[PDB]
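Student: I am attaching a structure below and will ask some questions about it afterwards.
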Amino acid sequence: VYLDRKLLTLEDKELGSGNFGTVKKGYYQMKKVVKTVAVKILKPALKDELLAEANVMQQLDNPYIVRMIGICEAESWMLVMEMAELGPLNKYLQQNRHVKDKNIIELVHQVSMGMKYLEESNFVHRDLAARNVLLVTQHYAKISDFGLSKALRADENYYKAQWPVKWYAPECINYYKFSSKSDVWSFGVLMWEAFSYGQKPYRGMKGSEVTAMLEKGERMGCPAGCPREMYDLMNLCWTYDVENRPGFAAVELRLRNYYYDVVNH
Ligand SMILES: COc1cc(F)c(-c2nc3c(NCC4CCNCC4)c(Cl)cnc3[nH]2)cc1OC
């Protein structure tokens with residue numbers, strides 16, 4: 001897990017920031033080949049935050065989740081991850097307006113496969129948004145950004161916080177309780193983003209106005225040209241009651257079946 005700084009070259013290419021610090025493109029010399037990487041660079045609590053994120057990524061092994069190469073202790077603490085060259089899903093759809101519905105379905109279905117694995121592993125993501133979905137290719141999506149992620153206690157199906165509010169389920173906002181079903185709500189917001197060509201959800205609204213909207217039983221309207229089946233699935237992800245809301249196994253299956261209806265014209 002510990003990487004050699006002399007084997008890492010940081011490119012003059014920024015992929016993200018904050019916070020925290022910056023994300024830079026880089027190249028890491030492996031045992032024989034160089035690997036293209038994304039390097040999360042820290043610039044006291046922020047150190048433990050990065051190490052807990054590294055500890056979460058170390059435990060995960062699925063084709064639809066970004067792979068961590070390792071950690072690097074140098075000028076700054078660094079988290080070295082495999083590069084997804086096409087970048088975030090929202091930015092991609094904003095700039096590539098001719099992506100077919102079949103293709104958007106294929107991508108969000110891959111996200112649902114990665115989340116089904118996270119659900120089975122009893123980890124909660126807590127930052128599941130289109131900006132955190134990375135494209136390896138136009139037909140291959142991966143879940144990234146485990147900065148808010150938690151390993152659930154063995155005796156509880158939720159993490160209690162002691163925030164990307166527009167992606168959060170009511171139980172998160174009201175009770176600070178985060179479960180895999182809370183990630184399903186976020187997934188519904190992500191699907192809305194993907195079918196709105198990366199438009200931000202709840203445009204022009206304050207967090208408190210979003211809470212009020214949701215509590216009155218209101219939800220974002222159907223994106224122009226969105227398949228009805230996909231909008232219906234978003235509304236099922238947006239079930240107020242955690243108990244009636246589907247888990248990722250049920251979501252993955254519905255997306256998979258709908259994908260085959262679309263693939264076969
Ligand atoms: C065309 O514009 C982009 C192309 C890119 F390839 C990338 C990129 N960023 C990462 C990345 N980390 C940072 C992103 C985590 C999710 N939230 C967004 C920033 C990691 Cl871990 C692995 N591959 C990545 N590819 C970013 C881009 O625009 C921000």
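Chain labels A, B, ... are given in the sequence in which chains occur in the structure tokens; within each chain residues are numbered consecutively from 1, and ligands are likewise numbered from 1 in the order shown.
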Would you please give, as number ranges by chain, all residues of stretch 59-187 of chain A that DSSP assigns to alpha helix (DSSP H) based on the backbone?
Tutor: A: 59, 89-95, 101-120, 170-175, 180-187
Student: Can you write out as JSON lines which residues of chain A fall within 10 Å of ligand 1, alongside each residue's closest atom pair and its distance in Å to one decimal, counting only C-alpha atoms and all ligand atoms and ordering rows by chain and ascending residue number?
Tutor:
```
{"residue": "A:13", "atom": "CA", "partner": "ligand 1", "partner_atom_place_in_ligand_line": "26 (C)", "distance": 9.6}
{"residue": "A:14", "atom": "CA", "partner": "ligand 1", "partner_atom_place_in_ligand_line": "29 (C)", "distance": 7.6}
{"residue": "A:15", "atom": "CA", "partner": "ligand 1", "partner_atom_place_in_ligand_line": "26 (C)", "distance": 4.3}
{"residue": "A:16", "atom": "CA", "partner": "ligand 1", "partner_atom_place_in_ligand_line": "19 (C)", "distance": 4.7}
{"residue": "A:17", "atom": "CA", "partner": "ligand 1", "partner_atom_place_in_ligand_line": "19 (C)", "distance": 7.6}
{"residue": "A:22", "atom": "CA", "partner": "ligand 1", "partner_atom_place_in_ligand_line": "13 (C)", "distance": 8.7}
{"residue": "A:23", "atom": "CA", "partner": "ligand 1", "partner_atom_place_in_ligand_line": "13 (C)", "distance": 5.8}
{"residue": "A:24", "atom": "CA", "partner": "ligand 1", "partner_atom_place_in_ligand_line": "12 (N)", "distance": 7.9}
{"residue": "A:25", "atom": "CA", "partner": "ligand 1", "partner_atom_place_in_ligand_line": "8 (C)", "distance": 7.8}
{"residue": "A:36", "atom": "CA", "partner": "ligand 1", "partner_atom_place_in_ligand_line": "23 (N)", "distance": 9.2}
{"residue": "A:37", "atom": "CA", "partner": "ligand 1", "partner_atom_place_in_ligand_line": "22 (C)", "distance": 6.9}
{"residue": "A:38", "atom": "CA", "partner": "ligand 1", "partner_atom_place_in_ligand_line": "20 (C)", "distance": 4.7}
{"residue": "A:39", "atom": "CA", "partner": "ligand 1", "partner_atom_place_in_ligand_line": "21 (Cl)", "distance": 6.9}
{"residue": "A:40", "atom": "CA", "partner": "ligand 1", "partner_atom_place_in_ligand_line": "12 (N)", "distance": 7.1}
{"residue": "A:65", "atom": "CA", "partner": "ligand 1", "partner_atom_place_in_ligand_line": "21 (Cl)", "distance": 10.0}
{"residue": "A:66", "atom": "CA", "partner": "ligand 1", "partner_atom_place_in_ligand_line": "21 (Cl)", "distance": 6.6}
{"residue": "A:67", "atom": "CA", "partner": "ligand 1", "partner_atom_place_in_ligand_line": "21 (Cl)", "distance": 8.1}
{"residue": "A:68", "atom": "CA", "partner": "ligand 1", "partner_atom_place_in_ligand_line": "21 (Cl)", "distance": 8.0}
{"residue": "A:79", "atom": "CA", "partner": "ligand 1", "partner_atom_place_in_ligand_line": "21 (Cl)", "distance": 8.6}
{"residue": "A:80", "atom": "CA", "partner": "ligand 1", "partner_atom_place_in_ligand_line": "21 (Cl)", "distance": 7.7}
{"residue": "A:81", "atom": "CA", "partner": "ligand 1", "partner_atom_place_in_ligand_line": "21 (Cl)", "distance": 5.2}
{"residue": "A:82", "atom": "CA", "partner": "ligand 1", "partner_atom_place_in_ligand_line": "22 (C)", "distance": 5.7}
{"residue": "A:83", "atom": "CA", "partner": "ligand 1", "partner_atom_place_in_ligand_line": "23 (N)", "distance": 3.7}
{"residue": "A:84", "atom": "CA", "partner": "ligand 1", "partner_atom_place_in_ligand_line": "23 (N)", "distance": 3.8}
{"residue": "A:85", "atom": "CA", "partner": "ligand 1", "partner_atom_place_in_ligand_line": "6 (F)", "distance": 3.7}
{"residue": "A:86", "atom": "CA", "partner": "ligand 1", "partner_atom_place_in_ligand_line": "6 (F)", "distance": 4.6}
{"residue": "A:87", "atom": "CA", "partner": "ligand 1", "partner_atom_place_in_ligand_line": "5 (C)", "distance": 3.3}
{"residue": "A:88", "atom": "CA", "partner": "ligand 1", "partner_atom_place_in_ligand_line": "18 (C)", "distance": 5.6}
{"residue": "A:89", "atom": "CA", "partner": "ligand 1", "partner_atom_place_in_ligand_line": "18 (C)", "distance": 8.9}
{"residue": "A:90", "atom": "CA", "partner": "ligand 1", "partner_atom_place_in_ligand_line": "18 (C)", "distance": 9.4}
{"residue": "A:91", "atom": "CA", "partner": "ligand 1", "partner_atom_place_in_ligand_line": "2 (O)", "distance": 7.1}
{"residue": "A:92", "atom": "CA", "partner": "ligand 1", "partner_atom_place_in_ligand_line": "1 (C)", "distance": 7.2}
{"residue": "A:95", "atom": "CA", "partner": "ligand 1", "partner_atom_place_in_ligand_line": "1 (C)", "distance": 9.3}
{"residue": "A:127", "atom": "CA", "partner": "ligand 1", "partner_atom_place_in_ligand_line": "16 (C)", "distance": 9.8}
{"residue": "A:128", "atom": "CA", "partner": "ligand 1", "partner_atom_place_in_ligand_line": "16 (C)", "distance": 10.0}
{"residue": "A:129", "atom": "CA", "partner": "ligand 1", "partner_atom_place_in_ligand_line": "17 (N)", "distance": 8.8}
{"residue": "A:130", "atom": "CA", "partner": "ligand 1", "partner_atom_place_in_ligand_line": "17 (N)", "distance": 8.4}
{"residue": "A:131", "atom": "CA", "partner": "ligand 1", "partner_atom_place_in_ligand_line": "17 (N)", "distance": 5.0}
{"residue": "A:132", "atom": "CA", "partner": "ligand 1", "partner_atom_place_in_ligand_line": "16 (C)", "distance": 4.0}
{"residue": "A:133", "atom": "CA", "partner": "ligand 1", "partner_atom_place_in_ligand_line": "16 (C)", "distance": 6.4}
{"residue": "A:134", "atom": "CA", "partner": "ligand 1", "partner_atom_place_in_ligand_line": "24 (C)", "distance": 6.4}
{"residue": "A:135", "atom": "CA", "partner": "ligand 1", "partner_atom_place_in_ligand_line": "25 (N)", "distance": 7.5}
{"residue": "A:136", "atom": "CA", "partner": "ligand 1", "partner_atom_place_in_ligand_line": "23 (N)", "distance": 7.8}
{"residue": "A:142", "atom": "CA", "partner": "ligand 1", "partner_atom_place_in_ligand_line": "22 (C)", "distance": 9.0}
{"residue": "A:143", "atom": "CA", "partner": "ligand 1", "partner_atom_place_in_ligand_line": "16 (C)", "distance": 8.2}
{"residue": "A:144", "atom": "CA", "partner": "ligand 1", "partner_atom_place_in_ligand_line": "16 (C)", "distance": 5.6}
{"residue": "A:145", "atom": "CA", "partner": "ligand 1", "partner_atom_place_in_ligand_line": "15 (C)", "distance": 5.5}
{"residue": "A:146", "atom": "CA", "partner": "ligand 1", "partner_atom_place_in_ligand_line": "15 (C)", "distance": 9.3}
```
Student: Take the residues from that selection and write them out as a PDB file, in the first residue's frame, keeping C-alpha atoms.
Tutor:
```
ATOM      1  CA  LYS A  13      -2.942  18.730 -15.035  1.00  0.00           C
ATOM      2  CA  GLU A  14      -5.582  19.338 -12.369  1.00  0.00           C
ATOM      3  CA  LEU A  15      -8.558  16.913 -12.145  1.00  0.00           C
ATOM      4  CA  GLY A  16     -10.234  18.365  -9.054  1.00  0.00           C
ATOM      5  CA  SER A  17      -9.868  20.402  -5.846  1.00  0.00           C
ATOM      6  CA  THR A  22      -6.056  19.106  -5.273  1.00  0.00           C
ATOM      7  CA  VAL A  23      -6.350  16.054  -7.580  1.00  0.00           C
ATOM      8  CA  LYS A  24      -3.592  15.783 -10.196  1.00  0.00           C
ATOM      9  CA  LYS A  25      -2.920  13.527 -13.197  1.00  0.00           C
ATOM     10  CA  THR A  36      -1.624   6.504 -15.619  1.00  0.00           C
ATOM     11  CA  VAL A  37      -2.923   7.780 -12.220  1.00  0.00           C
ATOM     12  CA  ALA A  38      -5.175  10.362 -10.469  1.00  0.00           C
ATOM     13  CA  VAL A  39      -3.425  11.633  -7.307  1.00  0.00           C
ATOM     14  CA  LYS A  40      -5.457  13.147  -4.428  1.00  0.00           C
ATOM     15  CA  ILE A  65     -15.399   0.983  -8.335  1.00  0.00           C
ATOM     16  CA  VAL A  66     -12.199   3.114  -8.866  1.00  0.00           C
ATOM     17  CA  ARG A  67      -9.055   1.129  -7.895  1.00  0.00           C
ATOM     18  CA  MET A  68      -6.589   2.577  -5.404  1.00  0.00           C
ATOM     19  CA  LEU A  79      -3.798   8.924  -2.475  1.00  0.00           C
ATOM     20  CA  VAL A  80      -2.843   7.354  -5.827  1.00  0.00           C
ATOM     21  CA  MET A  81      -5.726   5.915  -7.878  1.00  0.00           C
ATOM     22  CA  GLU A  82      -6.203   4.370 -11.331  1.00  0.00           C
ATOM     23  CA  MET A  83      -7.039   7.155 -13.905  1.00  0.00           C
ATOM     24  CA  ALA A  84     -10.533   7.145 -15.645  1.00  0.00           C
ATOM     25  CA  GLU A  85      -9.471   9.315 -18.642  1.00  0.00           C
ATOM     26  CA  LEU A  86     -13.015  10.467 -19.754  1.00  0.00           C
ATOM     27  CA  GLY A  87     -13.787  11.998 -16.340  1.00  0.00           C
ATOM     28  CA  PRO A  88     -17.073  12.733 -14.507  1.00  0.00           C
ATOM     29  CA  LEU A  89     -20.405  11.631 -15.968  1.00  0.00           C
ATOM     30  CA  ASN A  90     -22.202  15.042 -15.478  1.00  0.00           C
ATOM     31  CA  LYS A  91     -19.406  17.010 -17.315  1.00  0.00           C
ATOM     32  CA  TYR A  92     -19.315  14.277 -20.023  1.00  0.00           C
ATOM     33  CA  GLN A  95     -20.247  18.236 -23.427  1.00  0.00           C
ATOM     34  CA  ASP A 127     -21.578  11.060  -1.866  1.00  0.00           C
ATOM     35  CA  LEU A 128     -23.297   9.267  -4.754  1.00  0.00           C
ATOM     36  CA  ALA A 129     -23.694  11.940  -7.419  1.00  0.00           C
ATOM     37  CA  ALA A 130     -23.071  12.140 -11.255  1.00  0.00           C
ATOM     38  CA  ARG A 131     -19.895  14.193 -10.591  1.00  0.00           C
ATOM     39  CA  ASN A 132     -18.540  11.163  -8.637  1.00  0.00           C
ATOM     40  CA  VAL A 133     -19.234   8.717 -11.493  1.00  0.00           C
ATOM     41  CA  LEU A 134     -16.093   8.449 -13.657  1.00  0.00           C
ATOM     42  CA  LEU A 135     -15.882   7.198 -17.209  1.00  0.00           C
ATOM     43  CA  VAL A 136     -13.030   4.837 -18.175  1.00  0.00           C
ATOM     44  CA  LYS A 142     -16.819   3.562 -12.159  1.00  0.00           C
ATOM     45  CA  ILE A 143     -17.877   4.865  -8.704  1.00  0.00           C
ATOM     46  CA  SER A 144     -15.342   7.215  -7.112  1.00  0.00           C
ATOM     47  CA  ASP A 145     -14.815   9.605  -4.152  1.00  0.00           C
ATOM     48  CA  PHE A 146     -15.052   7.587  -0.904  1.00  0.00           C
TER      49      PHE A 146
END
```
Student: Please list as number ranges by chain every residue within 12 Å of residue A:47, counting only C-alpha atoms and excluding residues in the same chain fewer than 2 positions away.
Tutor: A: 20-21, 40-45, 49-54, 71-73, 76-79, 147
Student: With N, CA, C and O atoms retained, export the selected residues as a PDB file, in the first residue's frame.
Tutor:
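See out.pdb below for the written result:
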```pdb
ATOM      1  N   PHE A  20      -8.990  20.115   2.109  1.00  0.00           N
ATOM      2  CA  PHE A  20      -8.434  18.912   1.439  1.00  0.00           C
ATOM      3  C   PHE A  20      -7.231  19.283   0.535  1.00  0.00           C
ATOM      4  O   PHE A  20      -6.113  19.025   0.961  1.00  0.00           O
ATOM      5  N   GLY A  21      -7.446  19.863  -0.649  1.00  0.00           N
ATOM      6  CA  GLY A  21      -6.358  20.173  -1.579  1.00  0.00           C
ATOM      7  C   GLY A  21      -6.709  19.957  -3.042  1.00  0.00           C
ATOM      8  O   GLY A  21      -7.766  20.401  -3.487  1.00  0.00           O
ATOM      9  N   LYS A  40      -4.773  12.272  -5.384  1.00  0.00           N
ATOM     10  CA  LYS A  40      -5.457  13.147  -4.428  1.00  0.00           C
ATOM     11  C   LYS A  40      -4.362  13.639  -3.476  1.00  0.00           C
ATOM     12  O   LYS A  40      -3.785  12.843  -2.735  1.00  0.00           O
ATOM     13  N   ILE A  41      -4.053  14.937  -3.548  1.00  0.00           N
ATOM     14  CA  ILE A  41      -2.959  15.575  -2.794  1.00  0.00           C
ATOM     15  C   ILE A  41      -3.504  16.493  -1.685  1.00  0.00           C
ATOM     16  O   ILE A  41      -4.221  17.459  -1.963  1.00  0.00           O
ATOM     17  N   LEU A  42      -3.117  16.201  -0.444  1.00  0.00           N
ATOM     18  CA  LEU A  42      -3.516  16.974   0.737  1.00  0.00           C
ATOM     19  C   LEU A  42      -2.692  18.269   0.824  1.00  0.00           C
ATOM     20  O   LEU A  42      -1.468  18.211   0.764  1.00  0.00           O
ATOM     21  N   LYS A  43      -3.351  19.428   0.965  1.00  0.00           N
ATOM     22  CA  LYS A  43      -2.646  20.711   1.060  1.00  0.00           C
ATOM     23  C   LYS A  43      -3.253  21.664   2.091  1.00  0.00           C
ATOM     24  O   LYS A  43      -4.470  21.826   2.154  1.00  0.00           O
ATOM     25  N   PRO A  44      -4.131  18.040  10.230  1.00  0.00           N
ATOM     26  CA  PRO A  44      -4.122  17.005  11.277  1.00  0.00           C
ATOM     27  C   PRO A  44      -5.306  16.038  11.167  1.00  0.00           C
ATOM     28  O   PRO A  44      -5.126  14.828  11.304  1.00  0.00           O
ATOM     29  N   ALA A  45      -6.517  16.571  10.926  1.00  0.00           N
ATOM     30  CA  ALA A  45      -7.720  15.757  10.763  1.00  0.00           C
ATOM     31  C   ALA A  45      -7.807  15.291   9.310  1.00  0.00           C
ATOM     32  O   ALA A  45      -8.192  14.149   9.063  1.00  0.00           O
ATOM     33  N   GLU A  49      -8.497  11.569   7.619  1.00  0.00           N
ATOM     34  CA  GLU A  49      -9.613  11.538   6.656  1.00  0.00           C
ATOM     35  C   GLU A  49      -9.164  10.810   5.374  1.00  0.00           C
ATOM     36  O   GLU A  49      -9.905   9.992   4.831  1.00  0.00           O
ATOM     37  N   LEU A  50      -7.953  11.136   4.899  1.00  0.00           N
ATOM     38  CA  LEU A  50      -7.356  10.533   3.704  1.00  0.00           C
ATOM     39  C   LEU A  50      -7.018   9.068   3.963  1.00  0.00           C
ATOM     40  O   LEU A  50      -7.301   8.219   3.110  1.00  0.00           O
ATOM     41  N   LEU A  51      -6.438   8.767   5.142  1.00  0.00           N
ATOM     42  CA  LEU A  51      -6.070   7.395   5.523  1.00  0.00           C
ATOM     43  C   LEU A  51      -7.294   6.484   5.706  1.00  0.00           C
ATOM     44  O   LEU A  51      -7.237   5.327   5.302  1.00  0.00           O
ATOM     45  N   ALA A  52      -8.412   7.019   6.244  1.00  0.00           N
ATOM     46  CA  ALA A  52      -9.660   6.260   6.381  1.00  0.00           C
ATOM     47  C   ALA A  52     -10.231   5.973   4.970  1.00  0.00           C
ATOM     48  O   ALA A  52     -10.634   4.847   4.703  1.00  0.00           O
ATOM     49  N   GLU A  53     -10.144   6.958   4.039  1.00  0.00           N
ATOM     50  CA  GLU A  53     -10.575   6.796   2.646  1.00  0.00           C
ATOM     51  C   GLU A  53      -9.750   5.684   1.979  1.00  0.00           C
ATOM     52  O   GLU A  53     -10.335   4.780   1.381  1.00  0.00           O
ATOM     53  N   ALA A  54      -8.404   5.724   2.137  1.00  0.00           N
ATOM     54  CA  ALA A  54      -7.462   4.692   1.673  1.00  0.00           C
ATOM     55  C   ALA A  54      -7.824   3.334   2.279  1.00  0.00           C
ATOM     56  O   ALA A  54      -7.881   2.338   1.551  1.00  0.00           O
ATOM     57  N   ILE A  71      -0.912   4.646  -1.221  1.00  0.00           N
ATOM     58  CA  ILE A  71      -0.705   5.925  -0.560  1.00  0.00           C
ATOM     59  C   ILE A  71       0.746   6.308  -0.690  1.00  0.00           C
ATOM     60  O   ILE A  71       1.616   5.434  -0.713  1.00  0.00           O
ATOM     61  N   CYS A  72       1.014   7.608  -0.784  1.00  0.00           N
ATOM     62  CA  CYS A  72       2.379   8.097  -0.905  1.00  0.00           C
ATOM     63  C   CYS A  72       2.651   9.235   0.082  1.00  0.00           C
ATOM     64  O   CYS A  72       1.983  10.272   0.044  1.00  0.00           O
ATOM     65  N   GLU A  73       3.607   9.015   0.986  1.00  0.00           N
ATOM     66  CA  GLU A  73       4.032  10.002   1.985  1.00  0.00           C
ATOM     67  C   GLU A  73       5.238  10.751   1.412  1.00  0.00           C
ATOM     68  O   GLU A  73       6.326  10.173   1.280  1.00  0.00           O
ATOM     69  N   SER A  76       3.468  16.103   0.562  1.00  0.00           N
ATOM     70  CA  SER A  76       2.099  16.085   1.066  1.00  0.00           C
ATOM     71  C   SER A  76       1.614  14.633   1.093  1.00  0.00           C
ATOM     72  O   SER A  76       2.193  13.798   0.394  1.00  0.00           O
ATOM     73  N   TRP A  77       0.566  14.324   1.896  1.00  0.00           N
ATOM     74  CA  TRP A  77      -0.034  12.987   1.915  1.00  0.00           C
ATOM     75  C   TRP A  77      -0.750  12.813   0.572  1.00  0.00           C
ATOM     76  O   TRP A  77      -1.333  13.770   0.063  1.00  0.00           O
ATOM     77  N   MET A  78      -0.627  11.631  -0.036  1.00  0.00           N
ATOM     78  CA  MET A  78      -1.173  11.403  -1.378  1.00  0.00           C
ATOM     79  C   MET A  78      -1.886  10.102  -1.497  1.00  0.00           C
ATOM     80  O   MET A  78      -1.406   9.087  -1.007  1.00  0.00           O
ATOM     81  N   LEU A  79      -3.021  10.122  -2.202  1.00  0.00           N
ATOM     82  CA  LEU A  79      -3.798   8.924  -2.475  1.00  0.00           C
ATOM     83  C   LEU A  79      -3.731   8.715  -3.987  1.00  0.00           C
ATOM     84  O   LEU A  79      -4.242   9.536  -4.745  1.00  0.00           O
ATOM     85  N   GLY A 147     -14.545   9.720   0.176  1.00  0.00           N
ATOM     86  CA  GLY A 147     -14.220  10.668   1.245  1.00  0.00           C
ATOM     87  C   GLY A 147     -15.235  10.729   2.382  1.00  0.00           C
ATOM     88  O   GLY A 147     -14.865  11.070   3.506  1.00  0.00           O
TER      89      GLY A 147
END
```
Student: Give the strand (DSSP E) residues of stretch 83-180 of chain A, as DSSP finds them on the backbone, and put them as a PyMOL selection string.
Tutor: chain A and resi 87-88+123-124+133-137+140-143+150-151+158-160+177-179
Student: Filtering to N, CA and C atoms, could you give me those residues as a PDB file, in the first residue's frame?
Tutor:
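File written: part_38.pdb
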```
ATOM      1  N   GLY A  87     -13.349  11.139 -17.429  1.00  0.00           N
ATOM      2  CA  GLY A  87     -13.787  11.998 -16.340  1.00  0.00           C
ATOM      3  C   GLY A  87     -15.232  11.873 -15.869  1.00  0.00           C
ATOM      4  N   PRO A  88     -15.723  12.866 -15.094  1.00  0.00           N
ATOM      5  CA  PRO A  88     -17.073  12.733 -14.507  1.00  0.00           C
ATOM      6  C   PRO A  88     -18.220  12.701 -15.516  1.00  0.00           C
ATOM      7  N   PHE A 123     -20.962  -1.193   3.206  1.00  0.00           N
ATOM      8  CA  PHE A 123     -20.318   0.100   3.168  1.00  0.00           C
ATOM      9  C   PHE A 123     -21.375   1.043   2.649  1.00  0.00           C
ATOM     10  N   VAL A 124     -21.385   2.270   3.159  1.00  0.00           N
ATOM     11  CA  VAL A 124     -22.265   3.322   2.640  1.00  0.00           C
ATOM     12  C   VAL A 124     -21.403   4.362   1.971  1.00  0.00           C
ATOM     13  N   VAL A 133     -19.221   9.877 -10.601  1.00  0.00           N
ATOM     14  CA  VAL A 133     -19.234   8.717 -11.493  1.00  0.00           C
ATOM     15  C   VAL A 133     -18.187   9.041 -12.586  1.00  0.00           C
ATOM     16  N   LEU A 134     -17.177   8.196 -12.710  1.00  0.00           N
ATOM     17  CA  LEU A 134     -16.093   8.449 -13.657  1.00  0.00           C
ATOM     18  C   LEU A 134     -16.140   7.528 -14.853  1.00  0.00           C
ATOM     19  N   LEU A 135     -15.861   8.062 -16.029  1.00  0.00           N
ATOM     20  CA  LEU A 135     -15.882   7.198 -17.209  1.00  0.00           C
ATOM     21  C   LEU A 135     -14.484   6.763 -17.634  1.00  0.00           C
ATOM     22  N   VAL A 136     -14.268   5.455 -17.693  1.00  0.00           N
ATOM     23  CA  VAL A 136     -13.030   4.837 -18.175  1.00  0.00           C
ATOM     24  C   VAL A 136     -13.094   4.942 -19.713  1.00  0.00           C
ATOM     25  N   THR A 137     -14.263   4.571 -20.277  1.00  0.00           N
ATOM     26  CA  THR A 137     -14.605   4.693 -21.695  1.00  0.00           C
ATOM     27  C   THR A 137     -16.045   5.235 -21.734  1.00  0.00           C
ATOM     28  N   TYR A 140     -18.081   2.533 -20.053  1.00  0.00           N
ATOM     29  CA  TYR A 140     -17.579   1.916 -18.812  1.00  0.00           C
ATOM     30  C   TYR A 140     -17.468   2.985 -17.711  1.00  0.00           C
ATOM     31  N   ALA A 141     -18.382   2.925 -16.718  1.00  0.00           N
ATOM     32  CA  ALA A 141     -18.452   3.847 -15.582  1.00  0.00           C
ATOM     33  C   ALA A 141     -17.919   3.189 -14.314  1.00  0.00           C
ATOM     34  N   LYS A 142     -17.312   4.002 -13.453  1.00  0.00           N
ATOM     35  CA  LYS A 142     -16.819   3.562 -12.159  1.00  0.00           C
ATOM     36  C   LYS A 142     -17.218   4.569 -11.071  1.00  0.00           C
ATOM     37  N   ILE A 143     -17.554   4.065  -9.881  1.00  0.00           N
ATOM     38  CA  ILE A 143     -17.877   4.865  -8.704  1.00  0.00           C
ATOM     39  C   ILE A 143     -16.590   5.368  -8.085  1.00  0.00           C
ATOM     40  N   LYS A 150     -18.472   5.069   4.775  1.00  0.00           N
ATOM     41  CA  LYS A 150     -18.349   4.408   6.075  1.00  0.00           C
ATOM     42  C   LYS A 150     -18.613   2.925   5.965  1.00  0.00           C
ATOM     43  N   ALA A 151     -17.858   2.144   6.755  1.00  0.00           N
ATOM     44  CA  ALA A 151     -18.039   0.710   6.937  1.00  0.00           C
ATOM     45  C   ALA A 151     -19.113   0.616   8.039  1.00  0.00           C
ATOM     46  N   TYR A 158     -27.225   1.161   9.469  1.00  0.00           N
ATOM     47  CA  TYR A 158     -27.029   2.563   9.170  1.00  0.00           C
ATOM     48  C   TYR A 158     -25.856   3.133   9.953  1.00  0.00           C
ATOM     49  N   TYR A 159     -25.278   4.230   9.436  1.00  0.00           N
ATOM     50  CA  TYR A 159     -24.223   5.020  10.055  1.00  0.00           C
ATOM     51  C   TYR A 159     -24.907   6.285  10.556  1.00  0.00           C
ATOM     52  N   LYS A 160     -24.598   6.676  11.799  1.00  0.00           N
ATOM     53  CA  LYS A 160     -25.195   7.871  12.378  1.00  0.00           C
ATOM     54  C   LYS A 160     -24.127   8.936  12.453  1.00  0.00           C
ATOM     55  N   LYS A 177     -29.027   9.662   9.700  1.00  0.00           N
ATOM     56  CA  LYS A 177     -28.904   8.213   9.556  1.00  0.00           C
ATOM     57  C   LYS A 177     -28.655   7.898   8.065  1.00  0.00           C
ATOM     58  N   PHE A 178     -27.572   7.172   7.778  1.00  0.00           N
ATOM     59  CA  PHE A 178     -27.140   6.854   6.413  1.00  0.00           C
ATOM     60  C   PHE A 178     -27.042   5.356   6.264  1.00  0.00           C
ATOM     61  N   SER A 179     -27.866   4.789   5.371  1.00  0.00           N
ATOM     62  CA  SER A 179     -27.880   3.357   5.086  1.00  0.00           C
ATOM     63  C   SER A 179     -27.666   3.126   3.580  1.00  0.00           C
TER      64      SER A 179
END
```
Student: Need the shell around residue A:230: protein/DNA/RNA residues with any atom at most 10 Å away, counting only C-alpha atoms. Skip same-chain ones fewer than 2 positions apart. Format as a ChimeraX atom specification?
Tutor: /A:101,105,188,191-192,195,222,226-228,232-236,254-255,258
Student: Take the residues from that selection and write them out as a PDB file, in the first residue's frame, keeping C-alpha atoms.
Tutor:
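Now in again05.pdb:
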```
ATOM      1  CA  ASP A 101     -30.574   6.625 -24.005  1.00  0.00           C
ATOM      2  CA  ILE A 105     -28.902   3.241 -19.244  1.00  0.00           C
ATOM      3  CA  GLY A 188     -32.278   8.364  -8.056  1.00  0.00           C
ATOM      4  CA  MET A 191     -30.197   9.016 -12.655  1.00  0.00           C
ATOM      5  CA  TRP A 192     -32.070  12.343 -12.945  1.00  0.00           C
ATOM      6  CA  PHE A 195     -31.028  11.931 -18.119  1.00  0.00           C
ATOM      7  CA  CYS A 222     -39.342  14.358 -15.712  1.00  0.00           C
ATOM      8  CA  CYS A 226     -36.314  10.922 -20.520  1.00  0.00           C
ATOM      9  CA  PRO A 227     -37.687   7.384 -20.983  1.00  0.00           C
ATOM     10  CA  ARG A 228     -40.837   6.947 -18.809  1.00  0.00           C
ATOM     11  CA  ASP A 232     -40.623   5.866 -12.853  1.00  0.00           C
ATOM     12  CA  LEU A 233     -37.503   4.191 -11.380  1.00  0.00           C
ATOM     13  CA  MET A 234     -36.243   7.599 -10.085  1.00  0.00           C
ATOM     14  CA  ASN A 235     -39.569   8.047  -8.250  1.00  0.00           C
ATOM     15  CA  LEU A 236     -39.233   4.572  -6.728  1.00  0.00           C
ATOM     16  CA  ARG A 254     -34.988  -3.287 -13.059  1.00  0.00           C
ATOM     17  CA  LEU A 255     -32.234  -1.383 -14.918  1.00  0.00           C
ATOM     18  CA  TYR A 258     -34.995  -2.219 -19.163  1.00  0.00           C
TER      19      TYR A 258
END
```
Student: Taking into account only C-alpha atoms, which residue in the set A:199, A:11, A:107, A:1 is nearest to residue A:138?
Tutor: A:107
Student: Just to confirm, what's the straight-line distance from atom CA of residue A:259 to atom CA of residue A:214 in Å (one decimal)?
Tutor: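 The value is 28.9 Å.
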Student: Using only C-alpha atoms, pick whichever of A:174, A:162, A:55, A:157 has the shortest atom-to-atom distance to residue A:212.
Tutor: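 Result for the nearest residue to residue A:212: A:174.
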Student: Rounded to one decimal place, report the atom CA of residue A:113-atom CA of residue A:193 distance in Å.
Tutor: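 If I compute the distance from atom CA of residue A:113 to atom CA of residue A:193, I get 18.1 Å.
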Student: Hey, which of A:30, A:121, A:168, A:139 ends up closest to residue A:153? Count only C-alpha atoms.
Tutor: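 Closest to residue A:153 of all the choices is A:121.
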Student: To one decimal place, how far is atom CA of residue A:74 from atom CA of residue A:3 in Å?
Tutor: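 Computing it gives 9.6 Å between the two atoms.
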Student: Find the residues around residue A:238 up to 8 Å (only C-alpha atoms counted), leave out those fewer than 6 positions away in its own chain, and share them as a PyMOL selection string.
Tutor: chain A and resi 169+185+188+219+245
